[PDB]
Amino acid sequence: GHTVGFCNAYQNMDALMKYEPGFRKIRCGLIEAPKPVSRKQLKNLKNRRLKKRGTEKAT
Amino acid sequence: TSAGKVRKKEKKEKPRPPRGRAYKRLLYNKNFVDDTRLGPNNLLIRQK
Amino acid sequence: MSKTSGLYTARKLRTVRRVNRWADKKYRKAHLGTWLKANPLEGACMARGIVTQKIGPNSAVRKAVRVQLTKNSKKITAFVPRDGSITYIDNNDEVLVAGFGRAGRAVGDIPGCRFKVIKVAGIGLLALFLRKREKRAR
Amino acid sequence: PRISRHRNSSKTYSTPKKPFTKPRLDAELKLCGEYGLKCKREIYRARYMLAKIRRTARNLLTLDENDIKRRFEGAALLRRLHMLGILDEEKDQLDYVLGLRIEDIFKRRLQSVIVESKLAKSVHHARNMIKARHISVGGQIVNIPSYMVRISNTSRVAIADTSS
RNA sequence: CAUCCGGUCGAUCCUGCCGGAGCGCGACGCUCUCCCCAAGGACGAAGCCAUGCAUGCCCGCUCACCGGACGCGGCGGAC
RNA sequence: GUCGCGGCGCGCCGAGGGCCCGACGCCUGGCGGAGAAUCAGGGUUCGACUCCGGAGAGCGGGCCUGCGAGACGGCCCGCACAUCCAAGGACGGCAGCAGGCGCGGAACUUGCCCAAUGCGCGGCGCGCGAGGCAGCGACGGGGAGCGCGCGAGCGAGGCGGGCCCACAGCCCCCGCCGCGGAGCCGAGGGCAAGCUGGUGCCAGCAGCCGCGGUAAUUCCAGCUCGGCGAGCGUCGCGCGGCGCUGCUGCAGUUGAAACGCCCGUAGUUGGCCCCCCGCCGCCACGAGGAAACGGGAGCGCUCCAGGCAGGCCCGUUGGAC
Ligand SMILES: [Mg+2]
Ligand SMILES: [Mg+2]
Ligand SMILES: [Mg+2]
Ligand SMILES: [Mg+2]
Ligand SMILES: [Mg+2]
Ligand SMILES: [Mg+2]
Ligand SMILES: [Mg+2]
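Structure representation (structure tokens):
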């Protein structure tokens with residue numbers, strides 16, 4: 067019977083763009099969500115990069 | 009000599029009791045509303 | 001009168017109770033330490049062992070078995086209660102052995118037996134005597 | 002550690018010290034029959050609550066009438082009892098509290114108020130209706146048979162406006 | 001939320017122990033419709049370790065490549 | 001010498017200090033506290049683990065950097081293990097999160113993310129196996145249900161849409177079709193609950209008394225019946241039972257128990273009396289000092305186990321004590 071919730075009315079879009087949790091922006095019709103990358107591969111890449119010396123842009 | 013020497021009727025297919033709370037209700041009418055005692059052999063002779 | 005009752009005599013009362021509370025057989029058996037070392041079960045609920053031989062005013066011979074505890078290497082006898090369970094136990098089969106109702110003491114008319122058999126090859130004896138499970142793997 | 006470790010918890014019922022006692026069995030069965038009780042844990046909960054009330058009343062009664070703690074705690078206890086309807090309005094002495102029984106607790110159950118309003122054919126019928134969600138306590142539908150109704154809502158327990 | 005019961009005798013009253021009856025902590029056996037909360041290799045082995053991860057960030061220093069690299073430096077890593 | 005006092009170290013001098021109000025020595029399957037279990041009152045047992053404090057990172061030692069470490073996801077050595085080698089050399093410390101071996105009666109995914117609470121760096125952010133979410137999960141706790149009625153209704157279950165979510169679930173809301181399922185113990189007494197067939201002191205039951213040597217009211221089966229209930233039973237431990245450890249509150253002629261008798265030190269206990277002063281104990285009040293847990297005021301998470309919320313015109317809304 068009863069449903070309650072919270073609102074949030076911003077003066078202008080730029081203020082909203084600046085002040086707004088990112089995932090809320092994706093949920094609303096604001097921005098497209100790029101395909102996320104697994105943090106595991108990022109960690110592996112970071113470790114491998116930390117291993118090499120000097121110029122390590124190779125990997 | 010052989011253990012288990014001392015260690020056939022087909023089971024009597026009769027309806028299950030009314031489970032849930034109805035079982036309590038079944039007892040309530042069993043003895044108070046319905047005539048009782056219990057345990058005599060002759061009583062079973064009446065039942066048979 | 002007999003006991004001390006002065007207002008400055010708590011030390012004597014504490015000492016007297018400390019000394020005299022060792023006279024109880026139960027308190028001794030529980031807090032002295034001899035039983036724990038002498039008990040082949042070392043305070044455990046039940047033990048896992050290996051059977052090695054089958055043997056058995063009332064004049065009924067009771068069926069039991071000789072066992073050696075894996076973790077202790079001392080020998081004891083445990084009695085298999087439920088009928089027809091002698092055949093369910095075979096020489097050199099892993100078993101789990103617990104105790105009777107009376108801790109330590111013998112129970113019933115059985116002389117020199119203070120344990121029970123409750124599992125063989127990992128199957129509860131009760132679950133097998135009622136045909137719930139089967140010991141086809143052994 | 003996890004935040005889940007700080008969530009409190011306790012039991013809510015007790016078991017008789019002597020289980021096999023014929024009079025107690027018969028009385029409990031009779032109470033189940035007059036209130037259509039499922040199992041015997043509900044009677045244990047009722048006895049738990051009654052014991053708490055009685056212990057509080059005793060402790061307050063040992064103290065002097067003009068004790069500030071006595072006034073505060075007795076006033077709170079009386080207010081709660083009256084708002085629940087378990088104790089009559091005309092009584093406002095802590096002494097009357099010791100004479101309360103679990104039956105007064107049962108009379109304020111949802112099934113009880115449903116039946117004494119003649120809204121249901123029986124306790125069992127009331128329970129089955131409660132399960133199907135045809136009842137609107139106050140303005141909110143409730144499907145808990147053991148829900149207790151306060152005085153201010155007893156006149157407001159109705160049939161669900163959505164039920165067929 | 002102040003409770004007891006059976007067992008020494010041909011029968012009886014005592015002392016005295018044995019056993020039963022409840023709660024909690026764990027282990028074992030059987031069984032299991034729905035929802036909510038929720039502990040989880042401590043129990044005389046502080047025994048032994050493949051595999052993967054658990055501490056980075058940036059304000060200064062750009063003739064590096066087309067400013068992002070990298071490195072010097074600073075903070076932190078003793079929480 | 002140390003940040004610094006000090007036998008902390010050295011030189012000299014003197015002799016001293018502790019002890020039945022229990023030193024010293026030995027043992028401990030000995031981290032401590034706030035607390036937990038039990039239940040008339042007085043108490044007994046436990047206290048790995050949530051918060052505070054202490055100690056350690058295979059054993060024993062040493063050191064640099066730094067405000068701060070005698071640090072080990074820092075280095076050096078010895079010892080015990082271990083690894084790679086193109087045999088000359090090199091390298092390691094999961095009592096961090098998952099995972100594996102062994103051990104035992106005994107204990108889970110080699111998952112996703114920093115969005116929340118905080119930490120480090122830094123301006124419009126990054127990272128965090130801290131921490132959160134999900135997976136397994138009958139340690140366990142709370143709430144419903146296997147029908148009511150002479151016919152209707154309603155669950156669980158599936159299909160789709162919402163809502164929620166870092167993404168997904170899950171609860172809950174909405175439309176369509178609609179799986180109704182109870183076991184574990186026992187029937188001589190304690191202890192609520194009785195009919196035939198077998199066997200014959202055999203097989204077996206039995207916590208205790210006991211049954212079974214031809215009606216076996218106790219074994220093995222059927223019927224019946226009782227208890228609790230999505231739980232039931234078995235094993236070990238603690239509390240209670242226990243006024244069988246007795247301060248409250250045991251007994252001591254004969255049941256177990258007054259030293260053979262006297263003296264006597266520590267120790268314990270000590271008649272009556274002073275009207276107001278000081279000191280000790282004692283009682284009451286007060287300050288000061290952590291929360292959680294516990295008690296407890298108020299608030300209808302649909303109730304509840306819980307949580308500190310929440311409504312509109314809120315004590316300054318509240319979270320007192
Ligand atoms: Mg230790
Ligand atoms: Mg700590
Ligand atoms: Mg350290
Ligand atoms: Mg070190
Ligand atoms: Mg390490
Ligand atoms: Mg470290
Ligand atoms: Mg004597």
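Note that the protein sequences, when read in sequence, are chains Y, e, X and J. As numbered in the authors' numbering, residues 67 to 125 make up the first sequence, in order. As numbered in the authors' numbering, residues 9 to 15, 20 to 48, 55 to 66 make up the second sequence, in order. As numbered in the authors' numbering, residues 1 to 56, 62 to 143 make up the third sequence, in order. As numbered in the authors' numbering, residues 2 to 165 make up the fourth sequence, in order. The beta-carbon is built from N, C-alpha and C at its ideal position, and this holds for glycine as well.
Other residues of its chain near residue i: CB distance less than 7 angstroms, five sequence neighbours each side excluded
i	result
residue 129 of chain X	123
residue 83 of chain J	90
residue 93 of chain J	79
residue 92 of chain Y	99
residue 109 of chain J	85, 86, 87, 149 and 150
residue 85 of chain X	68, 69, 70, 91, 94 and 122
residue 167 of chain J	The question about residue 167 of chain J has no answer, for chain J in this structure spans 2 to 165.
residue 162 of chain J	137
residue 142 of chain J	134, 136 and 161
residue 49 of chain X	72, 73, 74, 75, 100 and 102
residue 45 of chain e	none
residue 34 of chain e	none
For residue i, the three-state DSSP class (helix, strand or coil)
i	result
residue 141 of chain J	strand
residue 109 of chain X	coil
residue 72 of chain Y	coil
residue 43 of chain X	coil
residue 52 of chain X	strand
residue 57 of chain X	Residue numbering in chain X jumps from 56 to 62; residue 57 of chain X, which lies between, is not modelled.
residue 107 of chain J	helix
residue 120 of chain X	strand
residue 88 of chain Y	helix
residue 136 of chain J	strand
residue 28 of chain J	helix
residue 124 of chain Y	coil
residue 125 of chain X	strand
residue 4 of chain J	helix
residue 160 of chain J	strand
residue 149 of chain J	strand
residue 67 of chain J	coil
residue 81 of chain J	helix
residue 100 of chain J	helix
residue 118 of chain Y	coil
Beta-carbon proximity list for residue i, same chain, < 8 angstroms, skipping 5 on both sides
i	result
residue 85 of chain Y	76
residue 12 of chain e	none
residue 130 of chain J	115, 121 and 136
residue 140 of chain X	93, 125, 126, 128 and 133
residue 147 of chain J	43, 110 and 111
Residues of its chain near residue i, where Cβ-Cβ distance is below 6 angstroms and the 5 sequence neighbours each way are ignored
i	result
residue 103 of chain J	47 and 51
message: Beta carbons nearer than 7 angstroms to chain e: which residues of the segment 118-134 of chain X have them?
response: Residues of the segment 118-134 of chain X with a C-beta atom less than 7 angstroms from some C-beta of chain e do not occur.
Whole beta strand (DSSP E) elements within the segment 65-93 of chain X, 3-residue minimum: Complete beta strand (DSSP E) runs here, min 3: 69-74 and 80-84.
task: Please list the residues of the segment 81-97 of chain X that have a C-beta atom closer than 9 angstroms to any C-beta atom in chain e, keeping them in chain order.
output: Correct list: 88, 89, 91 and 92.
task: Could you please tell me which residues of the segment 24-47 of chain e, in chain order, have their CB closer than 7 angstroms to any CB of chain J?
output: From the segment 24-47 of chain e, only 33, 36 and 40 have a Cβ closer than 7 angstroms to chain J.
task: Anything in the segment 12-37 of chain J with a Cβ closer than 8 angstroms to a Cβ of chain e? List those residues in chain order, please.
output: Flagged, chain order: 30, 33, 34 and 37.
field: Contained alpha helix (DSSP H) runs [length at least 4] in the segment 38-65 of chain J, N- to C-terminal order
entry: Complete alpha helix (DSSP H) runs here, min 4: 42-63.
query: In chain order, what residues of the segment 116-147 of chain J put their CB closer than 8 angstroms to some CB of chain e?
result: Contacts with chain e (Cβ-Cβ distance below 8 angstroms) from the segment 116-147 of chain J involve 125, listed in chain order.
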